[PDB]
Ligand SMILES: O=P(O)(O)O[C@H]1[C@H](OP(=O)(O)O)[C@@H](OP(=O)(O)O)[C@H](OP(=O)(O)O)[C@H](OP(=O)(O)O)[C@H]1OP(=O)(O)O
Ligand SMILES: O=P(O)(O)O[C@H]1[C@H](OP(=O)(O)O)[C@@H](OP(=O)(O)O)[C@H](OP(=O)(O)O)[C@H](OP(=O)(O)O)[C@H]1OP(=O)(O)O
Ligand SMILES: [Ca+2]
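Chains as they are written, first to last, in the authors' numbering: chain B, 3 to 389; chain A, 1 to 388.
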């Protein structure tokens, strides 16, 4: 009956979490205005984020079955499914909710490293090369990417929405402007690429608004009611997307930082394939998706009906399709995600009312008219990035 | 909780949440009407995805309550082994435990225990006759007929026949069984089987269970009972068949005492006799019949659940609570039925302390409560030991 979906690996970020807005946090320091309250402490998933993942899980399960992988109504064979999350509350949580929605009533544990509350090396996008040539070249690549962006409109808008000149940052630390302030990038050995300055603050702020919107806060409680149009979202989102792009998206940085994740995905889909599950779920972070995508050299992609480049509840679904011979196998990779509205509305997902799907393309594995490329070339892409 | 009251242990005896109509009633449903039954997203008897979300909300609600009461701290996981979750080995009950525990302790490592051999009944949750003596039966068969005789179901059956066009069903056109009221019931109490009824009472229960479930699942109005049920009173009259079935089978003391013994024994260990070594929080997930027979077996006072047509609601829990009154140096028991209203299920309403689940305080005949719903622990232990 032709090509059947034989193996999938799903790379996920955590779903909806509470912004961190307690005394002394970046959010609190960045405005004199009070933030609306959330149901859990900062950085913890919300219940709506779990329900959104349950819906994604159920949709995915339907879809997996539709493509021949394991049929609806029965648990998959033991050890058919392997769920591995970074060792943080929100990523373990998003895995539990996804796996429960997709595989209800089945014994599929979520795995994670022993120490909760700390970064697992698999998911920790840290710089591994201590040479000053790597650092100089990384810094120059971040600065170059940043220098292409026109952010002052975004910043002026944000200063007005937050009353930034009256915030604790301004009054106590004399950091009083977003639009005129200087970014400082870092590419420190054994840390994440970073930036300090307005871009980091604009990132934290716009992220908080995005989350309020998705969480379903009334319009008057999103950003104090100040974001009234998609156009405004678009202007503001330039900061959050520009932060991620600057840091995680240069070729120098990404290939280094995402090595343990690339290696994990190579092992699962290529080099230790005999033992691999039919379904792997990894749950990490936006920086992991951003650097992975750069490190495997995907072509440019655009996500319709989303303001985020790496959306809350958005997953990279790598798919190995098999008919009769392993050397005729095909690979197809899609970004499967909920639109900004499907998130805010908690939309019930189904085959008739699906998640959004965009097919992604590796530069090294050109796809046909239907998004498939030969496994032969996929394998070469992975080997080469995993070197 | 009053001043100086501190909650210290809870046991949550839950029904599964929202499931598709039982596959075992499929052919009765088919014989009872010429109409087409709306299709469900899962095989009969399995939890639906909505059941899952609804149970995630009950978990988060119970979490917020437990943190209000100082039983668990906001923003961290409970101590290892302090939460013990044990489900019957069926898809729906294990699924409901997983969704409850994920909604309540998201991000925490809290396993759902069940016997292996999923798809088979775990004896703890198996509401079966466990006495093969012919003298058990006669007291039982009679106690069931006695409960059944207190109910007036004729109007329910005429309503059901009207709504289903039962006149044109296979049952009537082919088998010439052309009235549910004129037909008779025959109870059974067969060794290692659930107490049972043959006849129009089982037909009524099967159909009206399906309608109730359609309504919860959010089928559109024209697809719950083919749009035939217009009035909350019509719901109430139909629900008599389903509540009547359960009450006849699981609610006479002589049946309920036998059939609930394993769960009664379990709850007695956890709350009374092995209490010291017992998890602070226990979730058991079983079946409506478990709740029904448990509550008779412990001699509860009669209760009414507001905003529900079911006597043991979908997702509904019996919540046993040991409290220390520090001021008067006493240990008290409070027991409440906590559950979603028919509208909270159909709407998938988010639940929190600000928009809470329904709660009704229950009362042991052996353990009379004060003005606030609390009774003494020693009186509770007697009831429990005596019952076990
Ligand atoms: O640890 P990372 O892999 O870098 O990613 C997460 C987080 O991603 P999710 O939002 O996917 O969980 C980021 O979120 P953005 O602000 O970039 O949207 C970021 O920021 P926060 O500190 O605001 O969470 C933060 O990066 P870093 O690890 O450098 O702090 C980090 O959170 P954790 O520190 O908890 O991992
Ligand atoms: O067999 P149980 O252990 O009681 O559990 C369920 C179900 O209960 P829940 O909806 O609470 O989980 C019952 O049916 P309802 O009381 O819910 O209508 C039940 O018995 P009935 O069909 O007599 O009601 C049926 O067991 P069986 O069909 O063998 O009698 C069974 O479900 P399964 O059909 O999935 O075993
Ligand atoms: Ca600029």
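Positions of the beta carbon are idealized from the N, C-alpha and C atoms, including for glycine.
is_contact[residue 83 (chain B), chain A] using C-beta, thresh 8 Å: Chain A, which has no Cβ nearer than 8 Å to the Cβ of residue 83 (chain B), makes this no.
Own chain partners of residue 113 (chain B) with C-beta closer than 6 Å, once the 5 adjacent residues on each side are dropped: 86.
Residue 78 (chain A) versus residue 242 (chain B) - alpha carbon distance: Straight across, the Cα-Cα distance linking residue 78 (chain A) with residue 242 (chain B) is about 35 Å.
Closer than 7 Å: residue 17 (chain B) CB and nearest ligand 1 heavy atom: Checking the 7 Å criterion, the Cβ of residue 17 (chain B) is out of range of every heavy atom belonging to ligand 1.
Residue 14 (chain A) in three-state terms, based on DSSP: Residue 14 (chain A) falls in the strand class under three-state DSSP.
Distance, residue 102 (chain B) Cα to residue 333 (chain B) Cα: Roughly 27 Å separates the two Cα atoms.
Residue 289 (chain B): CB within 7 Å of a non-hydrogen atom of ligand 1: Residue 289 (chain B): yes, Cβ under 7 Å from ligand 1.
The alpha helix (DSSP H) enclosing residue 31 (chain B), as first and last residue numbers: Per DSSP, residue 31 (chain B) belongs to the alpha helix (DSSP H) from 28–31.
Beta carbon of residue 249 (chain A) nearer than 8 Å to that of residue 300 (chain A): No, these two residues do not count as a Cβ contact at 8 Å.
Secondary structure of residue 285 (chain A), DSSP reduced to three states: Of the three classes helix, strand and coil, the one that applies to residue 285 (chain A) here is strand, per DSSP.
Any non-hydrogen atom of ligand 2 closer than 7 Å to residue 387 (chain A) Cβ: Every heavy atom of ligand 2 is 7 Å or more from the Cβ of residue 387 (chain A), so no.
Start and end residues, alpha helix (DSSP H) containing residue 37 (chain A): It is not in any alpha helix (DSSP H) - residue 37 (chain A) carries neither H nor E in the DSSP assignment.
Interface residues of chain B facing residue 92 (chain A) [CB-CB closer than 8 Å]: What residue 92 (chain A) touches in chain B: 107.
Span of the beta strand (DSSP E) around residue 233 (chain A): Per DSSP, residue 233 (chain A) belongs to no beta strand (DSSP E); it is in the alpha helix (DSSP H), 232–250.
Distance CB(residue 377 (chain B))-CB(residue 322 (chain B)) smaller than 8 Å: Yes, the pair counts as a contact, with Cβ atoms nearer than the cut-off.
Terminal residues of the beta strand (DSSP E) in which residue 196 (chain A) lies: For residue 196 (chain A), the enclosing beta strand (DSSP E) covers residues 196–198.
Three-way DSSP call (helix, strand, coil) for residue 60 (chain A) in this model: The three-state secondary structure of residue 60 (chain A), taken from DSSP, is helix.
Burial state of residue 284 (chain B), where buried means 16 or more other Cβ atoms lie within 10 Å: Buried, because 16 or more other Cβ atoms sit within 10 Å of the Cβ of residue 284 (chain B).
Under 8 Å by beta carbon: chain A residues contacting residue 113 (chain B): Within chain A, no residue has its beta carbon less than 8 Å from that of residue 113 (chain B); the closest one is some 10 Å off.
Residue span of the beta strand (DSSP E) that contains residue 336 (chain B), given as start and end: For residue 336 (chain B), the uninterrupted beta strand (DSSP E) run begins and ends at 332–339, by DSSP.
One or two residues paired with residue 367 (chain B) in a DSSP bridge: DSSP output for residue 367 (chain B) lists B:364 as bridge partner(s).
Separation of residue 262 (chain B) from residue 123 (chain B), as counted between CA atoms: The straight-line gap separating the alpha-carbon atoms of residue 123 (chain B) and residue 262 (chain B) is approximately 7 Å.
C-beta neighbour in chain B for residue 213 (chain A), strict 8 Å: So, not an interface residue.
Under 8 Å by beta carbon: chain A residues contacting residue 103 (chain B): Ordered by position in chain A, the residues that pass the 8 Å Cβ test against residue 103 (chain B) are 49, 52.
Inter-residue CB distance, residue 190 (chain B) and residue 129 (chain B) (contact presumed, cutoff 8 Å): That belief holds up - the Cβ atoms of residue 190 (chain B) and residue 129 (chain B) are roughly 7 Å apart, short of 8 Å.
Ligand 3 site residues, beta-carbon cut 6 Å against heavy atoms: Working through the chain, the matches are B:152, B:153, B:154.
Any non-hydrogen atom of ligand 2 closer than 7 Å to residue 45 (chain A) Cβ: Correct: residue 45 (chain A) has its Cβ closer than 7 Å to ligand 2.
Helix, strand or coil at residue 186 (chain B) according to DSSP, with G and I counted as helix: Strand at residue 186 (chain B).
Range of the contiguous alpha helix (DSSP H) that encloses residue 219 (chain B): That residue, residue 219 (chain B), is in no alpha helix (DSSP H); it is neither H nor E in DSSP.
Identity of the residue in B:4, B:306, B:71 nearest residue 104 (chain B) by Cα: For the residues B:4, B:306, B:71, the minimum Cα distance to residue 104 (chain B) belongs to B:71.
Test item: CB-CB of residue 207 (chain A) and residue 270 (chain A) under 8 Å: Contact flag unset, no.
Whole-angstrom C-beta distance between residue 155 (chain A) and residue 96 (chain A), which should lie under 8 Å: Not really, about 34 Å apart at Cβ, beyond 8 Å.
Residues bridged to residue 7 (chain A) [DSSP beta-bridge criterion]: Per DSSP, the beta bridge partners of residue 7 (chain A) are A:323.
Own chain partners of residue 146 (chain A) with C-beta closer than 8 Å, once the 5 adjacent residues on each side are dropped: Counting only Cβ-Cβ distances below 8 Å, and skipping sequence neighbours, we find 252.
Residue 127 (chain A) Cβ short of 7 Å to ligand 2 heavy atom set: True, at least one ligand heavy atom lies under 7 Å from that Cβ.
According to DSSP, residues forming a beta bridge with residue 83 (chain B): In the DSSP assignment, residue 83 (chain B) is bridged to B:281.
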